[PDB]
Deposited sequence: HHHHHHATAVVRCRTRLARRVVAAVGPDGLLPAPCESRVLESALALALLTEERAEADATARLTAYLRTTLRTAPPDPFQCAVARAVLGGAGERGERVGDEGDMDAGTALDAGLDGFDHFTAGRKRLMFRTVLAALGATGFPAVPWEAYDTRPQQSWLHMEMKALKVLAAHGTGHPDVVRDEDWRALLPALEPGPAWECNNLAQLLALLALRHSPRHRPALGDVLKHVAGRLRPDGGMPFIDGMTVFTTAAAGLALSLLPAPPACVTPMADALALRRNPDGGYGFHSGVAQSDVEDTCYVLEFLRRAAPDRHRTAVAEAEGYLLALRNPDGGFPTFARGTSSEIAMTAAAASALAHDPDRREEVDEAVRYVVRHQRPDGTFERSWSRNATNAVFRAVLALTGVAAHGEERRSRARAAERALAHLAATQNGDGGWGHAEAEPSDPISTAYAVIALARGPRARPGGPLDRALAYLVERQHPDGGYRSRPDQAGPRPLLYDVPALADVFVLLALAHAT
């Protein structure tokens, strides 16, 4: 076989071996500076868990010394270990996203709660948010409470604000597997005498979440997302392995009542990205075995569709997103009954392509993620006549963007001038596999050679992470590197 096929084979063996007998690919999240700093602040204020606070302190100092994060997270750590405005302007430097205004308020209020800057001089309504992802309501309310107390106006807080924080007082792992939301909520709730009876027991569980490096992860893991993407990659191999069936079973039995999927076990909030990967995987590996789950997932997506033809991440009425719209278009194209919705989705994608051929950054911090989603929809959804031409021209500009920005080593980074990483390159390979056939020395050929060269002796890949949340803050689920490279190699061979 070719070097590429040999690389694909070794990687597939590794991914298959990582899937457990429960059908799941474990996908823990690494410690993160932001949540470690908030856990340290919370435990310090409550004079609790001295051993955990010492490990968190050591984790923060080591990480700042050796692998400092973005400037906002560095400022948060320095505030707890101990200008903020310049760190926020830099951490939000050119953050081109519809959530920018909320993020400025959120991040500044976090820094102010930790004593590093003044609280935003905004009307309290600035913290109001429309229902979206379940935990985001809690984060905003926690920050409102912290601001009201921090400015000396605790009477401002209303019973409806406290009520939003009650899930943070439940025992066990964080509600919706989100440690950031629980920590912010607990930092607020410790100001409330009538909630303090429940604080002691939750602090014990929080302290118990420390990872071996002494830090706190953003989330418990991403095993649904990771298992679905890995199952899809395996189902695109010439001869998919037997384990795709228990993987499909493990995902289907975790579907939410609305028919969608969250990112990890126990996440009740469904989202379009998780659901599209599950749907794409089930369509290939178990379309009859899990016919009802497939239909429920399709119904989930259709119920979220926005009037402009695009799809949001979590809730109808929130802004459509390009990558979510392209993912849903592709996931729904398998049913000839949804031709109209699919075509309106692909037209949305074409309308929002930028003058340079790119699309958007959102849940990924590289440009190649949305390019790969868009190109799959533009080239996979059936189309003829003028609409074929329109879609072909759009896909050409996206693939041209990739060729124009390819690094000398054959890979791509998070932005045009960043060093290459395997995940950003994997997304680009998925897209390029829908262009002309590979030729010696061409962009796809060179990208595949980059991936061949980056394979570790143990068969896997190590990569800078690309996932963000809250956007644009990166978090690291290392299992995704193998999975997305395999997805790329399965598409390209």
Residues of the deposited sequence that never got C-alpha coordinates are 1 to 6, 89 to 103
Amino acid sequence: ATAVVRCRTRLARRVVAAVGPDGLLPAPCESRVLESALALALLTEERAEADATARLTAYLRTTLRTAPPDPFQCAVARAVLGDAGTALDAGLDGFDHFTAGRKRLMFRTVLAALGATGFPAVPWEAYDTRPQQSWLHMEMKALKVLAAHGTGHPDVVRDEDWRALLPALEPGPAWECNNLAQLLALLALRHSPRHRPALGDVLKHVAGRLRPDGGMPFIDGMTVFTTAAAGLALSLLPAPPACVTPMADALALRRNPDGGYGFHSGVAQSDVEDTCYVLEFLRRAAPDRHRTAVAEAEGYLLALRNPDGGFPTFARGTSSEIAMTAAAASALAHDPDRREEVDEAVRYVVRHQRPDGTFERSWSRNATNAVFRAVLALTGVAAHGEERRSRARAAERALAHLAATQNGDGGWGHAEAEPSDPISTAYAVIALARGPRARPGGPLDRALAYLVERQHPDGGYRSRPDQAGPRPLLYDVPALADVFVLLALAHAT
From here on, numbers count along this sequence of modelled residues.
I need to verify one thing: averaged over C-alpha atoms only, is the B-factor higher for 349 to 357 or for 87 to 95? 87 to 95
Between 128 to 136 and 309 to 317, the record assigns the higher mean Cα B factor to 128 to 136
Could you tell me which one of 422, 154, 410, 231 shows the highest CA temperature factor in the PDB record? 154
Residue, from 437, 464, 446, 454, that the PDB entry assigns the highest Cα B-factor: 437
Here the Cα B-factor of residue 203, set against its chain, lands in the third termed middle
Entry-reported C-alpha B-factor of residue 26 relative to its chain, by third, is lowest
Consider only the C-alpha atoms of the modelled residues in this chain, order them by B-factor as the entry records it, and name the third containing residue 330: lowest, middle or highest. middle
Comparing residue 67 with the other modelled residues of its chain, is its CA B-factor in the lowest, middle or highest third? highest
Residue 193 CA temperature factor, ranked by third within the chain: middle
